[PDB]
$ cat final-v1.cif   # mmCIF, C-alpha atoms
data_structure
loop_
_atom_site.label_atom_id
_atom_site.label_comp_id
_atom_site.auth_asym_id
_atom_site.auth_seq_id
_atom_site.Cartn_x
_atom_site.Cartn_y
_atom_site.Cartn_z
CA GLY A 95 -32.37 76.43 10.13
CA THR A 96 -34.25 79.69 9.60
CA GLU A 97 -32.43 82.34 11.66
CA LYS A 98 -34.46 85.18 13.16
CA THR A 99 -33.25 88.34 14.88
CA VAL A 100 -35.40 89.41 17.82
CA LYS A 101 -35.36 92.72 19.72
CA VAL A 102 -37.30 92.76 22.98
CA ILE A 103 -37.97 95.22 25.80
CA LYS A 104 -37.68 93.44 29.17
CA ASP A 105 -40.30 95.49 30.99
CA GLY A 106 -40.65 93.11 33.95
CA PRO A 107 -38.72 90.32 35.66
CA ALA A 108 -40.28 87.45 33.67
CA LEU A 109 -40.20 87.00 29.90
CA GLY A 110 -42.55 83.99 29.82
CA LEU A 111 -40.04 81.44 28.52
CA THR A 112 -39.50 77.88 29.60
CA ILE A 113 -36.16 76.78 28.12
CA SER A 114 -34.86 73.23 27.89
CA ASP A 115 -32.06 71.29 26.24
CA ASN A 116 -31.40 67.67 25.30
CA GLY A 117 -27.81 67.64 26.59
CA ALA A 118 -26.13 69.04 23.45
CA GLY A 119 -26.47 71.65 20.72
CA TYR A 120 -28.51 74.77 21.44
CA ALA A 121 -31.03 75.26 24.19
CA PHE A 122 -34.59 75.63 22.89
CA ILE A 123 -37.87 77.26 23.84
CA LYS A 124 -40.12 74.60 25.37
CA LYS A 125 -43.01 76.88 26.34
CA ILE A 126 -44.05 80.48 25.84
CA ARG A 127 -46.52 81.61 28.48
CA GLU A 128 -49.78 83.08 27.23
CA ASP A 129 -49.96 86.89 27.50
CA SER A 130 -46.24 87.21 28.30
CA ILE A 131 -43.57 89.47 26.87
CA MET A 132 -42.39 86.66 24.63
CA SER A 133 -45.88 85.66 23.50
CA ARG A 134 -46.11 89.16 22.00
CA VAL A 135 -42.87 88.84 20.03
CA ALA A 136 -43.85 88.41 16.40
CA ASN A 137 -41.00 86.19 15.23
CA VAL A 138 -40.41 83.77 18.15
CA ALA A 139 -42.13 80.42 18.59
CA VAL A 140 -42.10 77.30 20.73
CA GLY A 141 -39.40 74.99 19.45
CA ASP A 142 -37.01 77.74 18.38
CA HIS A 143 -33.39 77.27 19.35
CA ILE A 144 -31.75 80.22 21.11
CA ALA A 145 -28.49 80.77 19.23
CA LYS A 146 -27.37 84.12 20.64
CA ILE A 147 -28.35 86.69 23.24
CA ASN A 148 -26.95 90.21 22.81
CA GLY A 149 -24.55 88.85 20.21
CA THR A 150 -23.14 86.18 22.56
CA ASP A 151 -22.82 82.70 21.04
CA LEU A 152 -24.83 80.11 23.00
CA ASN A 153 -23.90 77.00 21.04
CA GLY A 154 -23.40 74.12 23.48
CA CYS A 155 -24.97 75.99 26.39
CA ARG A 156 -27.45 74.35 28.76
CA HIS A 157 -30.92 75.68 29.46
CA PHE A 158 -29.91 77.02 32.87
CA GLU A 159 -27.04 79.01 31.34
CA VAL A 160 -29.25 80.48 28.63
CA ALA A 161 -31.98 81.31 31.13
CA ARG A 162 -29.42 82.86 33.50
CA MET A 163 -28.30 85.21 30.74
CA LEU A 164 -31.89 86.34 30.14
CA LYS A 165 -32.63 86.70 33.85
CA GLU A 166 -29.53 88.87 34.36
CA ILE A 167 -30.73 91.45 31.82
CA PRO A 168 -31.76 94.51 33.86
CA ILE A 169 -35.46 95.31 33.88
CA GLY A 170 -36.19 98.17 31.51
CA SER A 171 -33.42 97.11 29.13
CA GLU A 172 -33.76 96.20 25.50
CA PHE A 173 -32.01 93.03 24.35
CA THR A 174 -31.53 91.06 21.15
CA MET A 175 -31.75 87.35 20.55
CA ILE A 176 -31.05 85.17 17.53
CA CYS A 177 -33.51 82.28 17.32
CA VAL A 178 -33.24 79.44 14.81
CA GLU A 179 -36.30 77.48 13.76
CA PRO A 180 -36.15 73.68 13.53
CA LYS A 181 -36.98 72.02 10.22
CA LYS A 182 -40.61 70.98 10.61
CA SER A 183 -43.27 70.02 8.10
CA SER A 184 -45.39 72.52 6.21
CA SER A 185 -47.73 72.51 3.22
CA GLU A 186 -47.94 74.72 0.14
CA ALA A 187 -51.18 76.00 -1.29
#
$ encode --input "final-v1.cif" --output "structure tokens"
Amino acid sequence: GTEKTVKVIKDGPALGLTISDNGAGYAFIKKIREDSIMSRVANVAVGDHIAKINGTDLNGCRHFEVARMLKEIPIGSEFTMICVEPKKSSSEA
């Protein structure tokens, strides 16, 4: 449930994301391509749910709708995204 605000420059036509969904909830990041725009984004990771793009609420949206919104961003443009991490195990030391 950790929300993260992302600000990205879309310098080419491909961000490096593969986005999926399980039929409900938020779409999520299934893959981030090595050496891509999104691989270089400090606070985004495989498994993150995409909650908003440019302030637009994407709850309930399918992977093709979320990907369409990213693909429609003009090249050269900056954009924001709110990603939410799933609750996964960790260890303290």
$ atom_distance --input "final-v1.cif" --atom1 "CA of residue 166 (chain A)" --atom2 "CA of residue 149 (chain A)"
15.0 Å
$ residues_around --input "final-v1.cif" --residues "residue 119 (chain A)" --least-positions-apart "4" --cutoff "8 Å" --atoms "only C-alpha atoms" --output "PyMOL selection string"
chain A and resi 115+153-155
$ closest_residue --input "final-v1.cif" --among "A:105, A:128, A:186, A:172" --to "residue 140 (chain A)" --atoms "only C-alpha atoms"
A:128
$ closest_residue --input "final-v1.cif" --among "A:134, A:101, A:157, A:127" --to "residue 113 (chain A)" --atoms "only C-alpha atoms"
A:157
$ resolve_selection --input "final-v1.cif" --expression "the PyMOL selection byres ((chain A and resi 156) around 12)" --output "PyMOL selection string"
chain A and resi 113-123+143-145+152-155+157-163
$ write_last_selection --input "final-v1.cif" --atoms "C-alpha atoms" --output "mmCIF file, in the coordinates of the input"
data_model
loop_
_atom_site.group_PDB
_atom_site.id
_atom_site.type_symbol
_atom_site.label_atom_id
_atom_site.label_comp_id
_atom_site.auth_asym_id
_atom_site.auth_seq_id
_atom_site.Cartn_x
_atom_site.Cartn_y
_atom_site.Cartn_z
ATOM 1 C CA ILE A 113 -36.160 76.780 28.120
ATOM 2 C CA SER A 114 -34.860 73.230 27.890
ATOM 3 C CA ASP A 115 -32.060 71.290 26.240
ATOM 4 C CA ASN A 116 -31.400 67.670 25.300
ATOM 5 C CA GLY A 117 -27.810 67.640 26.590
ATOM 6 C CA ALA A 118 -26.130 69.040 23.450
ATOM 7 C CA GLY A 119 -26.470 71.650 20.720
ATOM 8 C CA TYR A 120 -28.510 74.770 21.440
ATOM 9 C CA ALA A 121 -31.030 75.260 24.190
ATOM 10 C CA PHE A 122 -34.590 75.630 22.890
ATOM 11 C CA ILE A 123 -37.870 77.260 23.840
ATOM 12 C CA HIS A 143 -33.390 77.270 19.350
ATOM 13 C CA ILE A 144 -31.750 80.220 21.110
ATOM 14 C CA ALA A 145 -28.490 80.770 19.230
ATOM 15 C CA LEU A 152 -24.830 80.110 23.000
ATOM 16 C CA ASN A 153 -23.900 77.000 21.040
ATOM 17 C CA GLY A 154 -23.400 74.120 23.480
ATOM 18 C CA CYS A 155 -24.970 75.990 26.390
ATOM 19 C CA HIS A 157 -30.920 75.680 29.460
ATOM 20 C CA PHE A 158 -29.910 77.020 32.870
ATOM 21 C CA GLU A 159 -27.040 79.010 31.340
ATOM 22 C CA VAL A 160 -29.250 80.480 28.630
ATOM 23 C CA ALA A 161 -31.980 81.310 31.130
ATOM 24 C CA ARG A 162 -29.420 82.860 33.500
ATOM 25 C CA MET A 163 -28.300 85.210 30.740
#
$ closest_residue --input "final-v1.cif" --among "A:100, A:109, A:176, A:126" --to "residue 151 (chain A)" --atoms "only C-alpha atoms"
A:176
$ atom_distance --input "final-v1.cif" --atom1 "CA of residue 178 (chain A)" --atom2 "CA of residue 141 (chain A)"
8.9 Å
$ atom_distance --input "final-v1.cif" --atom1 "CA of residue 142 (chain A)" --atom2 "CA of residue 106 (chain A)"
22.2 Å
$ closest_residue --input "final-v1.cif" --among "A:175, A:95, A:103, A:183" --to "residue 150 (chain A)" --atoms "only C-alpha atoms"
A:175
$ closest_residue --input "final-v1.cif" --among "A:112, A:130, A:174, A:148" --to "residue 99 (chain A)" --atoms "all atoms listed in the file"
A:174
$ closest_residue --input "final-v1.cif" --among "A:173, A:124, A:187, A:136" --to "residue 111 (chain A)" --atoms "only C-alpha atoms"
A:124
$ residues_around --input "final-v1.cif" --residues "residue 104 (chain A)" --least-positions-apart "3" --cutoff "9 Å" --atoms "only C-alpha atoms" --output "ChimeraX atom specification"
/A:107-109,131,167-173
$ axis_aligned_box --input "final-v1.cif" --around "region 96-112 of chain A" --padding-each-side "3 Å" --output "lines of an AutoDock Vina configuration file"
center_x = -37.5
center_y = 86.7
center_z = 22.6
size_x = 16.1
size_y = 23.6
size_z = 32.1
$ build_atoms --input "final-v1.cif" --residues "region 143-173 of chain A" --atoms "N, CA and C atoms" --output "mmCIF file, keeping the file's coordinate frame"
data_model
loop_
_atom_site.group_PDB
_atom_site.id
_atom_site.type_symbol
_atom_site.label_atom_id
_atom_site.label_comp_id
_atom_site.auth_asym_id
_atom_site.auth_seq_id
_atom_site.Cartn_x
_atom_site.Cartn_y
_atom_site.Cartn_z
ATOM 1 N N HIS A 143 -34.646 77.364 18.636
ATOM 2 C CA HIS A 143 -33.390 77.270 19.350
ATOM 3 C C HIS A 143 -32.876 78.682 19.594
ATOM 4 N N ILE A 144 -32.320 78.913 20.778
ATOM 5 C CA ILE A 144 -31.750 80.220 21.110
ATOM 6 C C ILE A 144 -30.263 80.156 20.788
ATOM 7 N N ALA A 145 -29.865 80.828 19.714
ATOM 8 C CA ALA A 145 -28.490 80.770 19.230
ATOM 9 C C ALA A 145 -27.606 81.850 19.836
ATOM 10 N N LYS A 146 -28.146 83.046 20.050
ATOM 11 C CA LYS A 146 -27.370 84.120 20.640
ATOM 12 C C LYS A 146 -28.284 84.993 21.476
ATOM 13 N N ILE A 147 -27.711 85.604 22.517
ATOM 14 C CA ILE A 147 -28.350 86.690 23.240
ATOM 15 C C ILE A 147 -27.362 87.845 23.290
ATOM 16 N N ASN A 148 -27.806 89.026 22.858
ATOM 17 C CA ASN A 148 -26.950 90.210 22.810
ATOM 18 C C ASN A 148 -25.629 89.914 22.117
ATOM 19 N N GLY A 149 -25.710 89.178 21.012
ATOM 20 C CA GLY A 149 -24.550 88.850 20.210
ATOM 21 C C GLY A 149 -23.664 87.753 20.754
ATOM 22 N N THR A 150 -23.971 87.198 21.929
ATOM 23 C CA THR A 150 -23.140 86.180 22.560
ATOM 24 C C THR A 150 -23.551 84.798 22.070
ATOM 25 N N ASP A 151 -22.568 84.002 21.647
ATOM 26 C CA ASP A 151 -22.820 82.700 21.040
ATOM 27 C C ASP A 151 -23.168 81.690 22.131
ATOM 28 N N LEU A 152 -24.336 81.054 22.006
ATOM 29 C CA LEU A 152 -24.830 80.110 23.000
ATOM 30 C C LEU A 152 -24.822 78.669 22.511
ATOM 31 N N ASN A 153 -24.062 78.379 21.457
ATOM 32 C CA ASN A 153 -23.900 77.000 21.040
ATOM 33 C C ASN A 153 -23.298 76.189 22.181
ATOM 34 N N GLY A 154 -23.862 75.009 22.430
ATOM 35 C CA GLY A 154 -23.400 74.120 23.480
ATOM 36 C C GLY A 154 -23.893 74.429 24.870
ATOM 37 N N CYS A 155 -24.602 75.537 25.063
ATOM 38 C CA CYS A 155 -24.970 75.990 26.390
ATOM 39 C C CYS A 155 -26.247 75.297 26.866
ATOM 40 N N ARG A 156 -26.303 75.020 28.163
ATOM 41 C CA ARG A 156 -27.450 74.350 28.760
ATOM 42 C C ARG A 156 -28.566 75.343 29.043
ATOM 43 N N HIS A 157 -29.771 74.805 29.254
ATOM 44 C CA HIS A 157 -30.920 75.680 29.460
ATOM 45 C C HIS A 157 -30.742 76.605 30.651
ATOM 46 N N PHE A 158 -30.059 76.153 31.706
ATOM 47 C CA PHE A 158 -29.910 77.020 32.870
ATOM 48 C C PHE A 158 -28.946 78.168 32.599
ATOM 49 N N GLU A 159 -27.963 77.948 31.718
ATOM 50 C CA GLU A 159 -27.040 79.010 31.340
ATOM 51 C C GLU A 159 -27.724 80.034 30.455
ATOM 52 N N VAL A 160 -28.531 79.565 29.504
ATOM 53 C CA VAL A 160 -29.250 80.480 28.630
ATOM 54 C C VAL A 160 -30.276 81.279 29.428
ATOM 55 N N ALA A 161 -30.995 80.609 30.324
ATOM 56 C CA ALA A 161 -31.980 81.310 31.130
ATOM 57 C C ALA A 161 -31.312 82.306 32.073
ATOM 58 N N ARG A 162 -30.166 81.932 32.660
ATOM 59 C CA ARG A 162 -29.420 82.860 33.500
ATOM 60 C C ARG A 162 -29.087 84.142 32.749
ATOM 61 N N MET A 163 -28.659 84.016 31.492
ATOM 62 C CA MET A 163 -28.300 85.210 30.740
ATOM 63 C C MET A 163 -29.501 86.118 30.529
ATOM 64 N N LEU A 164 -30.679 85.535 30.287
ATOM 65 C CA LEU A 164 -31.890 86.340 30.140
ATOM 66 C C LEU A 164 -32.303 86.964 31.467
ATOM 67 N N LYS A 165 -32.217 86.194 32.552
ATOM 68 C CA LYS A 165 -32.630 86.700 33.850
ATOM 69 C C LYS A 165 -31.732 87.834 34.324
ATOM 70 N N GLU A 166 -30.451 87.823 33.937
ATOM 71 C CA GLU A 166 -29.530 88.870 34.360
ATOM 72 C C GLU A 166 -29.727 90.181 33.608
ATOM 73 N N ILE A 167 -30.482 90.183 32.512
ATOM 74 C CA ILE A 167 -30.730 91.450 31.820
ATOM 75 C C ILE A 167 -31.501 92.377 32.745
ATOM 76 N N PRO A 168 -31.058 93.612 32.941
ATOM 77 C CA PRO A 168 -31.760 94.510 33.860
ATOM 78 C C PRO A 168 -33.153 94.829 33.344
ATOM 79 N N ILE A 169 -34.111 94.926 34.269
ATOM 80 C CA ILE A 169 -35.460 95.310 33.880
ATOM 81 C C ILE A 169 -35.430 96.720 33.305
ATOM 82 N N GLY A 170 -36.214 96.932 32.253
ATOM 83 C CA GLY A 170 -36.190 98.170 31.510
ATOM 84 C C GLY A 170 -35.281 98.158 30.308
ATOM 85 N N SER A 171 -34.398 97.171 30.208
ATOM 86 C CA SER A 171 -33.420 97.110 29.130
ATOM 87 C C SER A 171 -34.005 96.456 27.894
ATOM 88 N N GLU A 172 -33.534 96.907 26.740
ATOM 89 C CA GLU A 172 -33.760 96.200 25.500
ATOM 90 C C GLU A 172 -32.669 95.153 25.341
ATOM 91 N N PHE A 173 -32.996 94.061 24.655
ATOM 92 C CA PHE A 173 -32.010 93.030 24.350
ATOM 93 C C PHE A 173 -32.340 92.420 22.998
#
